[PDB]
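Architecture and fold: a report
So you can see what is in the structure, the chains are spelled out below.
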Amino acid sequence: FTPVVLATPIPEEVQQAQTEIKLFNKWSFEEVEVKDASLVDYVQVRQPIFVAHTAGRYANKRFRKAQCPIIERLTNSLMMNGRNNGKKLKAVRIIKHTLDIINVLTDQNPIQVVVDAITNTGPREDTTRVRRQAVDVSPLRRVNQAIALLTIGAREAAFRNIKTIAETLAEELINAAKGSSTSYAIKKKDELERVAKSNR
Amino acid sequence: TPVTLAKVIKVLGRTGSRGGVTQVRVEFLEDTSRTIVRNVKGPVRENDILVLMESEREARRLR
Amino acid sequence: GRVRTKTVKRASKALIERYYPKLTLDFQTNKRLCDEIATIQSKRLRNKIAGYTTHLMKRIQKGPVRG
Amino acid sequence: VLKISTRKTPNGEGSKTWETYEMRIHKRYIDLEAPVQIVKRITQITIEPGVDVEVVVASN
Amino acid sequence: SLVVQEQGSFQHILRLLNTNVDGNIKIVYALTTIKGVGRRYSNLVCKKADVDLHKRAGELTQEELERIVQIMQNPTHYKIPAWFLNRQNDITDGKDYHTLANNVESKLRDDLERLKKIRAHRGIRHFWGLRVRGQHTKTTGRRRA
Amino acid sequence: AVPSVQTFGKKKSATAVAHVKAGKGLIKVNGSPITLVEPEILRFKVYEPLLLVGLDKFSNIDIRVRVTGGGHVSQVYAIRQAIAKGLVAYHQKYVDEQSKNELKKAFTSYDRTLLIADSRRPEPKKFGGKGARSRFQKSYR
Amino acid sequence: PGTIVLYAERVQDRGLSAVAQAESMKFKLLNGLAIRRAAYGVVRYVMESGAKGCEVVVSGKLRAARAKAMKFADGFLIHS
Amino acid sequence: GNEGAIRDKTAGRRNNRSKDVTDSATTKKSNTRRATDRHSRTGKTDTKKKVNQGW
Amino acid sequence: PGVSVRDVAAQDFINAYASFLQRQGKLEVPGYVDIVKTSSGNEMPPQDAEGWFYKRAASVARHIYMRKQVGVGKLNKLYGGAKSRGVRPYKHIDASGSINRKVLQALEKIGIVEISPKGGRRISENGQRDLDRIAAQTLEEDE
Amino acid sequence: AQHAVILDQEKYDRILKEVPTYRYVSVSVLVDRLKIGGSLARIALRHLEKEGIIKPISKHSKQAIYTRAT
RNA sequence: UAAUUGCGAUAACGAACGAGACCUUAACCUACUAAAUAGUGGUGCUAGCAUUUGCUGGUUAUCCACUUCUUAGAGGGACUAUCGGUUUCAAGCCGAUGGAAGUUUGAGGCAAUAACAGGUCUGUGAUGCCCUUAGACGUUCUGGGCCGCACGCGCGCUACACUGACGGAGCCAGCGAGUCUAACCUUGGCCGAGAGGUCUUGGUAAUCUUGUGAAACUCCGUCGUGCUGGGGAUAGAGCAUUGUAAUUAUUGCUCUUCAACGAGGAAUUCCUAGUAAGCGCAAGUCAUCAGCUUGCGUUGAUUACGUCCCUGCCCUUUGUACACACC
Ligand SMILES: [Mg+2]
Ligand SMILES: [Mg+2]
Ligand SMILES: [Mg+2]
Ligand SMILES: [Mg+2]
Ligand SMILES: [Mg+2]
Ligand SMILES: [Mg+2]
Ligand SMILES: [Mg+2]
Ligand SMILES: [Mg+2]
Ligand SMILES: [Mg+2]
Ligand SMILES: [Mg+2]
Ligand SMILES: [Mg+2]
Ligand SMILES: [Mg+2]
Ligand SMILES: [Mg+2]
Ligand SMILES: [Mg+2]
Ligand SMILES: [Mg+2]
Ligand SMILES: [Mg+2]
Ligand SMILES: [Mg+2]
Ligand SMILES: [Mg+2]
Ligand SMILES: [Mg+2]
Ligand SMILES: [Mg+2]
Ligand SMILES: [Mg+2]
Ligand SMILES: [Mg+2]
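So, on to the overall build of chain J. Within chain J, the secondary structure is distributed over 4 helices and 0 strands. Listing the helices and strands of chain J from first to last along the sequence gives α-α-α-α. The C-alpha atoms of chain J give 12 Å as radius of gyration, which agrees with the globular expectation for 70 residues (11 Å, within 12%). Overall size of chain J, expressed as C-alpha extent along the three principal axes, is 30 × 25 × 20 Å. For chain J, contacts bridging at least 24 residues in sequence account for 44% of all contacts bridging at least 6. Accessible surface computed for chain J: about 4,400 Å², of which carbon and sulfur atoms make up 56%. Taking the average location of the 13 positive side-chain charges in chain J and that of its 7 negative ones, the two points are 8 Å from each other.

In structure tokens:
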């Protein structure tokens, strides 16, 4: 991999994770693909990024929020409840950990089980206060809502219990890789669409 | 689970009382050239894609 | 949400009215022109005036225009 | 920058509206190389009502 | 640290000083369930008595705990600062004591009843069951008397 | 006297003034090596310039920077940005243009404030609430 | 003594310095002129005195328990 | 005196918690004199050929 | 190559200097270390409790070396943290002015710091020797 | 104060044959099995690491992830 | 359109106030002027590790040069530019590129005509009238009170923890202030667990306090889900400081005491980008006392970029016997 040396020591691990195909600090970024036509063009990846910390204005204009690296937008959804408003770095560490775990058992690269977890938690349809009326939610409220439900559920499980936030988040998204009837997100989503039929 | 595939071609406007929903004409790129008009909940742009679960239904202006 | 005030539209119209041989369709030249041809009171003011003067000069070479 | 924040109303009624007053100060210094007789010719009109002109020499 | 294994050494239940102590809790914190104790007053005495706080409250050598009790019942004769206790210049013998367990409950009323017997305003306040340190009582402390 | 330049980077109130001498390819901010900074998880955000443009890219330069003001993340974001234009200015003066344009294009296509001098600033609070847009709670009798 | 001395300086075009005119309004209404007469006199004096614009307001009570307030302005005037 | 303050019964949160709250505690503004503002109560008026002499 | 203090990871460097000062023998502890929580701003004493004077005695010199001169007051402010005033808002208060004064004295007698002019205490010269060789062993950890 | 926050002599047998078949390990993973409390749980991990039990895929404190001995 | 901001229609044509303009603050200039009260490089002089010549510091001037960083003077820069999409293809709007910057560039300052029995005679030696004026409602001194506690309401502070408390350790801001007839901001040296004391010093201040080494936050450990070490109300005992005076405890420290509080009913607040929220800091107050306020920076989201359903307010039309104008 044509190594290069200088005066200050730059560890060979670093000397390995360069222009050579882009990965996360330790996870591959290519071969991660959305397995649902819908939300494609709305799950920003490849655009590889080694660490999810990007000082990018994503709200100056409405839709640029979709061009944001998903795992980062997913990470911004943790610095919530005041007690975590800010704490971005503490979050970044919880995610590097979380994926250190999803891959614990699932061989599948974490940057792919993430998309698999967002796929099965986007409500195809919902309801609104007209009784109620059946409504198809947008392809980005789809993601926004998927991330929101996944993180609130994991945050819900980490409270008053020894298990760490990273562990609960990991187990929640593994169950959400393909709905297994146990993630707070599969449940809420399916029931947020099981009432869209109530008005038809 | 028969699903669909619709791509918005033009935008209609804000329906519903609070104005948070929007009418939009969709277009299936499977058996294209067809007409359908569905309404959404999230914010949308031109050219997005959504999936219908009941292709034979269409609501109208919501009170 | 920037609809130029009529003070600027007023002056720019009065200028396309007397300086067409001059006032080329590129802003910079019009700005450097007004610095010597009009008694403006502020840089930003004359920039607004000149940019409008330019848009008007830009489209009259496409068709007519009021005033 | 000398700031003065105070409520506008002399009383304490209405909206609790505050008002910041400002006063800006400028003090520029030069180190000169002149003689013993131009000592007070720069004390002559080099003055401008409103400028505090202070000059004394030392290195200790 | 380092992994350890006691055969039957540690007894879960243990009462001493007329006060119970949990076996399954750490001994630097297990001790604090007595009155007049402190997470610091106990911390200090522990290795003053030469005990290793790293592990639990029951494995502890019986002789070691009697040494500890002696330390607290005789803290100044055994090099303890005179500003680390709650009974310095007590009120009648210019002595520096430490009130422990059953005795602190008493000493509280000892002083209380003094204040009352002498008619000091804060004594009257206490008898009436109010706040003594002068806090505003109008909007605070309303439903627990 | 050897070919060398000086550049900077500014994020929030932080300021990273950097100097690049023609040398052995040694890099250290505040006097310590880039090996460890610790905003550790955030260190890759400054390791990135090296790997983006190809990491050799240093065998005849020398990097060292100092940062005043800012915060634990303000300075880390300001220094990476303080070195990016350092290298570009170096190839501007001492090296040819083509190689420079290559660098500034490889940067612009990835850059997260790498060359853009982020304009965000702190908004000033206004009486009526301890916060920029927030107002004190109201009562309505 | 000697650290300061003051010298009187006649004022140019008094009809443009506000205070100069306000004190006049005071010292004429205090002499018994009609409120409107004195006010209109000072406003047109200030006008023939060069000033491009002028305005004078009188607030309070004059023989009427309830307080009124009248304006008197002429010419041009900017306020923003 | 102080002896009287303690000996004297009727004092203490006990002797007060045992009692009931005067309903005047939960009372409000009473809006005294906020609906008559526009109607001058001086029972007096100002003569027009008094004001005209004033202004 | 040539080692230096700036070239060592702060945590694992100071802890190495701690294990060294620890197994060397000349300490000069004021003897009063059974109680002090190192500041009023804190709740309880450090947990090491056999040592940690060496850990503070590693942070004592790393800092003073990286800086020209420093003073007991500056060290109190550095280590001092937020103090929970119970129900009142958190505020930062300086640390102990004595466990610092005689954390230096105790090792100046061991010669790693000198009472600097201009007021303060500059890094010692023999200390300037008791320098980065320590970092050499630190790097030996990754040899 | 419940369920053997302390040694549990005949549990030290359980730990050894329990570690295999696990794709994850953590202090939480330990107390998760009706077992040793966190204080004496967190301390066992490296004790096992001493001879081919795990593979330390994690790096720092407050979160630890080892894996099957290979 | 934020705007009676404009396009367009037009018995109106052309103007003015107010909006805009303007002013201030934050962002951009390696282009101008240059500065031991700002800083950079070289070099003296000098310290350590390695040694190959390197790497890291010291040095109120040892000298030489410079103005990128800092500072503040003068200019410049943006005018929604270019291209496109939309539209009476009008004002305009929307997307993309470029750009320090394209949400009135962000934030403020100013702000016409009128209206209220709105608040202020308790800011004024501003004031009309009325009251009192020597047993005073003048005034000063002494002590108490404004804190008084069965309860009702409102702005808040700390929490219910494991995105944690704790213990080391890593350690980074920005708005300010600061002592003459003086006791202000305080470095450093010692004594003290602490609070604090004591001995000197710099500073009328970009020169000294100060790099304000702040706090959150980062790292490494101890804890283990149990009111637990979360939590710190109440309370006892002692030590300090401010002050003529600390009792009803001014504030600080030490030990001990270890409540309620296990996410909050009906309801209601604030907010769209460096904003919310968390975090601490300076200033006002100030002998002592911030849980308040005015500013500051620190870490930094989620979700809008819509509508008139709720609510409020404007504008037309319309009715009117109101015009002291529905009180
Ligand atoms: Mg907190
Ligand atoms: Mg206790
Ligand atoms: Mg105007
Ligand atoms: Mg600190
Ligand atoms: Mg600390
Ligand atoms: Mg607290
Ligand atoms: Mg400059
Ligand atoms: Mg762009
Ligand atoms: Mg009234
Ligand atoms: Mg008044
Ligand atoms: Mg009066
Ligand atoms: Mg009061
Ligand atoms: Mg309020
Ligand atoms: Mg901590
Ligand atoms: Mg003592
Ligand atoms: Mg002096
Ligand atoms: Mg408890
Ligand atoms: Mg606590
Ligand atoms: Mg809640
Ligand atoms: Mg204060
Ligand atoms: Mg107040
Ligand atoms: Mg009518």
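Backbone hydrogen bonds hold the strands of a sheet together, and the pairing may be parallel or antiparallel. All names here are of chain F. Pairing is antiparallel across the open sheet formed by 3 strands, whose spatial order is β1-β2-β5. Looking at the sheet topology across the chains shown, the edges are occupied by β1 (4-11) and β5 (62-68). Across the sheet, the mean angle separating the axes of adjacent strands is 20° when strand polarity is ignored. With 7 bridges connecting them, strand β2 (residues 14-21) and β5 associate as antiparallel partners. Each residue of the ladder has a partner; that of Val 20, found in β5, is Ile 63. This element, helix α2 (residues 74-93), spans β1, β2 and β5 of the sheet and lies at about 150° to β1.

It is worth spelling out the packing of helix α5 (residues 139-158) of chain A against helix α6 (residues 165-176) of chain A at this point. All names here are of chain A. Relative to each other, α5 and α6 sit at 135°, their axes nearing to 8 Å. Judged by the inter-axis angle, α5 sits oblique to α6. Between α5 and α6 the crossing geometry is right-handed. In this structure, α5 contributes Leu 150, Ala 154, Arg 155, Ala 157 and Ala 158 to the contact, and α6 contributes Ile 165, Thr 168, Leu 169, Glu 172, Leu 173 and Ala 176.

The next subject is empty space enclosed by the protein. Residues and elements named next belong to chain A. Estimates place the volume of the largest cavity at around 150 Å³. Lining the largest cavity we find 15 residues, and of these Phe 24, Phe 50, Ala 52, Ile 71 and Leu 99 sit closest to its centre. When residues of the lining of the largest cavity are traced back to their parent elements, those giving at least two are α2 (70-76) and α3 (88-105). For the lining of the largest cavity, the leading source of residues is α3, giving 4 residues.

This part is about the interface of chain B and chain A. Chain B puts 22 residues into the contact, and the matching count from chain A is 22 residues. With both chains or domains summed, chain B and chain A bury close to 2,100 Å², and 57% of this area falls on carbon and sulfur atoms. Counting across the interface, chain B meets chain A through 2 salt bridges. Along the contact surface separating chain B from chain A lie 8 residue pairs in polar contact. Those elements that place two or more of their residues in the side of chain B that touches chain A are β4 (36-40) and β5 (49-50) of chain B. The element contributing the most residues to the side of chain B that touches chain A is β4(B), with 3 residues.

Separated throughout, chain D and chain J approach each other most closely at a C-alpha pair spaced 47 Å apart. Taking C-alpha atoms as the reference, chain I and chain J come no closer than 13 Å and do not contact one another.

Here we take up the packing of helix α2 (residues 53-66) of chain I against helix α3 (residues 72-79) of chain I. Residue and element names in this part refer to chain I. The interhelical angle for the contact between α2 and α3, taken along N-to-C directions, is 120°, at an axis separation of 12 Å. When you trace α2 past α3, the crossing you get is right-handed. On α3, the residues that touch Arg 56, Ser 59, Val 60 and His 63 of α2 are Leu 75, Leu 78 and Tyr 79. Class assignment of the residues belonging to the contact of α2 with α3 gives a composition of 4 nonpolar, 2 polar and 1 charged.

When charged atoms on two side chains of opposite charge get close, those side chains can pair. Applying the stated criterion across every chain yields a total of 34 salt bridges over all chains. The salt bridge involving A:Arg57 is made with F:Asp118; its shortest N-O contact spans 3.2 Å. With A:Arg57 in the loop between α1 (12-16) and α2 and F:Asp118 in the segment after α3 (97-108), the pair connects residues from two separate chains. Comparing A:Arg57 with F:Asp118, the two get one shared label, buried. B:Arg60 is the salt-bridge partner of B:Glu58, the closest N and O atoms lying 4.0 Å from each other. Residues participating in the shared-partner salt-bridge network are A:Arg57, F:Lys11, F:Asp118 and F:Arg120.

A word on the interface of chain J and chain E. Across the contact, 11 residues belong to chain J and 13 residues belong to chain E. Contact between chain J and chain E buries roughly 1,000 Å² in total, counting both sides, with carbon and sulfur atoms accounting for 67%. Looking at the side of chain J facing chain E, the largest losses of area belong to J:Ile6, J:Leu7 and J:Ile43, adding up to 44% of the total buried there. At the boundary of chain J with chain E, the tally comes to 0 salt bridges. Linking chain J with chain E are 2 residue pairs in polar contact, by the criterion used here. The set of elements that each furnish at least two residues to the side of chain J that touches chain E consists of α3 (38-42) and α4 (44-49) of chain J. Here the residues of the side of chain J that touches chain E are counted per class, giving 6 nonpolar, 4 polar and 1 charged.

A:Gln47 follows A:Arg46 through a cis peptide bond whose omega is -15°. Relative to the assigned elements, A:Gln47 resides in the loop between α1 and α2. Phi angles above zero are rare outside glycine, and A:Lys87 is one such case at about 50°. With respect to the helices, strands and loops of the structure, A:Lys87 is situated in the loop between α2 and α3. Note on A:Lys87: relative accessible area 44%, which makes it partly exposed. The residue F:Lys12 is not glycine, and still its phi comes out positive at about 55°.

Residue and element names in this part refer to chain A. Within the secondary structure layout, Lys 189 lies in helix α7 (residues 184-193). There is no salt bridge for the buried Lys 189, and the closest opposite charge comes from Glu 193, which lies 4.1 Å off by N-O distance. A polar side-chain atom of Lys 189 sits 3.3 Å from the main-chain carbonyl oxygen of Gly 122. In this structure, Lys 189 is in contact with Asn 120, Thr 121, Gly 122, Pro 123, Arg 124 and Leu 149, ignoring residues within four places of it in sequence.

Before going further, it helps to spend a moment on α2(F). The terminal C-alpha atoms of α2(F) lie 29 Å apart, and with 20 residues this matches the ideal 28 Å at 1.5 Å per residue to within 8%. The element α2(F) is extensively covered by neighbouring structure, given that 16 of its 20 residues are classed as buried.

All right, on to helix α1 (residues 44-52) of chain F then. Of all 9 residues making up α1(F), 8 are buried, and the element is well covered by its neighbours. Listing the buried residues of α1(F) in full gives F:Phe44, F:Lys45, F:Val46, F:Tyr47, F:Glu48, F:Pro49, F:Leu50 and F:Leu51. Those residues of α1(F) that are buried are in contact with α1 of chain A together with α2 and α3 of chain F. Positive phi appears at F:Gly54, one or two residues downstream of α1(F), with a value of about 90°.

Criteria and cut-off values
- Residues numbered from 1 in each chain as written, not as in the entry; some residues may be left out.
- Chains lettered and ligands numbered in written order.
- Part of a larger assembly, values for the part shown.
- Heavy atoms only, no water.
- Helix = DSSP H or I, 4+ residues; strand = E, 2+ residues; numbered from the N terminus.
- Rg over C-alpha atoms; globule rule 2.2 N^0.38 Å.
- Contact = heavy atoms within 4.5 Å.
- Areas by Shrake-Rupley, 256 points an atom, 1.4 Å probe, with all protein chains shown as cover.
- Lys, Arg positive; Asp, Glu negative; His and termini not counted.
- Charge placed at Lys NZ, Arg CZ, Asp CG, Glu CD.
- Pairing = 2+ DSSP bridges.
- Axes fitted to C-alpha atoms, helices over the stretch in contact; angles between N-to-C directions.
- Parallel < 35°, antiparallel > 145°, perpendicular 65-115°, else oblique.
- Left-handed = near helix turned anticlockwise from the far one by under 90°.
- 1 Å grid on protein atoms, 1.4 Å probe; cavity = no way out; pocket = protein on both sides within 12 Å on 5 of 7 lines; lining within 4 Å.
- Points joined across faces, edges and corners; volume = space filled by probe spheres on them.
- Buried area = accessible area lost by both parts, 1.4 Å probe.
- Salt bridge = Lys/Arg side-chain N within 4 Å of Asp/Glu carboxyl O.
- Polar contact = N/O pair within 3.5 Å; in protein donor to acceptor, adjacent residues only side chain to side chain.
- Nonpolar A, V, L, I, M, F, W, Y, C, P; charged D, E, K, R; others polar.
- Buried < 20%, exposed > 50% of the residue type's maximum accessible area, 1.4 Å probe, protein only.
- Expected span 1.5 Å × (residues − 1).

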